[PDB]
Amino acid sequence: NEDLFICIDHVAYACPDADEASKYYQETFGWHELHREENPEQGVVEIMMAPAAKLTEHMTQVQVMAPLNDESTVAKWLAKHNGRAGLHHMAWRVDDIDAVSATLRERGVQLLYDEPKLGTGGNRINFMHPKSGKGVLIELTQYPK
Amino acid sequence: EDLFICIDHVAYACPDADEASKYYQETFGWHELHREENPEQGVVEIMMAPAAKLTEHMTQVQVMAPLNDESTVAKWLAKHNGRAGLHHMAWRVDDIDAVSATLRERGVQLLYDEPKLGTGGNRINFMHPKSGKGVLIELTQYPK
Numbered sequence: 003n004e005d006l007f008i009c010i011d012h013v014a015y016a017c018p019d020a021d022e023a024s025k026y027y028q029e030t031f032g033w034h035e036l037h038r039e040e041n042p043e044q045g046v047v048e049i050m051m052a053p054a055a056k057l058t059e060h061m062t063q064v065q066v067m068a069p070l071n072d073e074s075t076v077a078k079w080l081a082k083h084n085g086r087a088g089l090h091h092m093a094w095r096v097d098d099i100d101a102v103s104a105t106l107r108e109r110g111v112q113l114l115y116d117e118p119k120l121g122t123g124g125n126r127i128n129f130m131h132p133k134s135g136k137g138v139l140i141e142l143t144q145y146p147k
Numbered sequence: 004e005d006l007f008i009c010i011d012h013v014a015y016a017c018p019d020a021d022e023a024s025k026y027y028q029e030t031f032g033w034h035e036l037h038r039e040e041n042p043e044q045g046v047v048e049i050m051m052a053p054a055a056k057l058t059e060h061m062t063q064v065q066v067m068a069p070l071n072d073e074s075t076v077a078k079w080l081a082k083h084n085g086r087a088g089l090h091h092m093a094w095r096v097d098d099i100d101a102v103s104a105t106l107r108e109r110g111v112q113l114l115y116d117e118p119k120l121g122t123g124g125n126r127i128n129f130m131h132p133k134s135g136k137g138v139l140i141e142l143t144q145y146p147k
């Protein structure tokens with residue numbers, strides 16, 4: 003036995019306008035914007051929303067993603083769904099991406115990257131192949147230190 | 004003020020709930036907390052958690068599978084070309100009646116006029132895709 007995952011870190015939601023999604027969540031749902039990052043090189047803008055002003059240990063957030071250009075992954079995804087905004091993927095928080103990644107590989111799970119890369123913030127991330135997720139794109143994410 | 008406690012669970016629809024759960028346990032080390040089977044709705048549901056014990060705001064994964072071809076889960080699957088995947092997100096609330104009122108008062112469209120009964124004895128309702136702007140968002144209150 004061994005718990006590889008701390009909790010669901012966030013559920014990613016793709017849409018055409020990230021700042022609009024945030025205002026809506028805040029004003030209509032009473033959720034809070036905890037982080038907003040714009041990745042020029044990636045052509046994507048991402049905002050983290052939470053049902054509370056302060057995160058609790060295992061509080062899952064909602065990550066809103068939006069395109070900055072037609073070449074971004076989100077844009078291509080939106081195109082694949084003919085402009086239909088929706089759930090994109092799930093991210094599961096891990097204590098040690100390397101250790102866990104090694105474990106998953108043994109289990110027969112295949113990862114998108116051989117080595118973790120920098121995600122939103124100082125987080126090291128990787129993804130499982132869709133099939134490994136049984137139809138769901140599942141991201142692995144570890145917070146710094 | 005805050006209308007939502009936390010994301011209660013993320014629903015995942017698939018052909019076989021049992022196979023999915025075994026996979027989650029064997030490969031991911033996740034834990035199966037409860038299993039439910041509703042023969043009238045023709046649906047089997049299984050609640051999974053990344054830990055054996057749920058912490059107060061710990062979100063679970065709800066695995067959904069059909070008992071027959073006439074179930075909404077089967078239709079959703081056919082609608083999606085047989086591809087299993089994320090079905091919806093559910094947000095937990097302290098008082099479903101109080102929150103539903105606030106939501107409507109703010110122009111949100113709810114599927115049911117009055118909270119419905121779901122699995123586990125939970126009162127629930129949903130927001131129209133336009134309300135959840137793309138994703139199906141469920142509202143759920145625990146019975147205590």
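In the order they appear, the protein sequences are chains A and B. Position one of the first sequence corresponds to residue 3 (the authors' numbering), numbered consecutively onward. Position one of the second sequence corresponds to residue 4 (the authors' numbering), numbered consecutively onward. Built from N, CA and C at the ideal position, the CB exists for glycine as well.
Chain A contact for residue i (CB, 8 Å cutoff)
i: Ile-8/B; result: yes
i: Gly-45/B; result: no
i: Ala-68/B; result: no
i: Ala-23/B; result: yes
9 Å Cβ cut-off: residues of chain B touching residue i
i: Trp-79/A; result: Simply none; closest approach about 12 Å.
i: residue 229/A; result: This structure does not reach residue 229/A, given that chain A is present from 3 up to 147, and the question cannot be answered.
i: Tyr-26/A; result: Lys-136
i: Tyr-145/A; result: The contacting residues do not exist; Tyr-145/A stays about 15 Å from chain B at best.
Minimum Cβ-Cβ distance from residue i to chain B less than 8 Å
i: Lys-136/A; result: yes
i: residue 159/A; result: Since the first and last residues shown for chain A are 3 and 147, residue 159/A lies out of range.
i: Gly-124/A; result: no
i: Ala-87/A; result: yes
Neighbourhood of residue i by C-beta distance below 6 Å, restricted to the same chain and skipping five residues each side
i: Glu-39/B; result: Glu-48, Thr-122
i: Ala-93/A; result: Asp-11, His-12, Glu-141, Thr-143
i: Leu-36/B; result: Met-50, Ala-52
Nearest neighbour of residue i, chosen from the options [CA to CA]
i: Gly-137/B; options: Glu-73/A, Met-67/A, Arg-109/A, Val-138/A; result: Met-67/A
i: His-91/B; options: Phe-129/B, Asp-100/B, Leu-120/B, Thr-30/B; result: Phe-129/B
i: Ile-127/A; options: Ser-134/A, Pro-118/A, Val-96/A; result: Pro-118/A
i: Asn-125/B; options: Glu-43/B, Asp-97/B, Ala-55/B; result: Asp-97/B
i: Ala-14/A; options: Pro-146/A, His-34/A, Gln-65/A, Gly-85/A; result: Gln-65/A
i: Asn-84/A; options: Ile-8/A, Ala-16/A, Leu-6/A, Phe-7/A; result: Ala-16/A
i: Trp-33/A; options: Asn-41/A, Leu-57/A, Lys-133/A, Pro-42/A; result: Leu-57/A
Chain-order list of residues whose beta-carbon lies under 8 Å from that of residue i (same chain, five-residue window excluded)
i: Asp-116/A; result: none
Where residue i meets chain A, residues with beta-carbon distance less than 9 Å
i: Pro-53/B; result: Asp-5, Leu-6, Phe-7, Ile-8, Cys-9, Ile-10, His-60, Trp-94, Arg-95
Alpha-carbon to alpha-carbon, residue j and residue i
i: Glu-22/A; j: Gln-63/B; result: 28 Å
i: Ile-99/B; j: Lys-78/B; result: 28 Å
i: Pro-18/B; j: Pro-69/B; result: 7 Å
i: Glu-4/B; j: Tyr-27/A; result: 13 Å
i: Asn-71/B; j: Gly-45/B; result: 6 Å
i: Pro-146/A; j: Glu-59/A; result: 15 Å
i: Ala-87/B; j: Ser-103/B; result: 30 Å
Under 7 Å from the C-beta of residue i: neighbouring residues of chain B
i: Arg-109/A; result: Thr-30
Proximal chain A residues relative to residue i, where beta-carbon distance stays under 8 Å
i: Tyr-115/B; result: Within 8 Å Cβ-Cβ: nothing; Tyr-115/B doesn't reach chain A, min ~18 Å.
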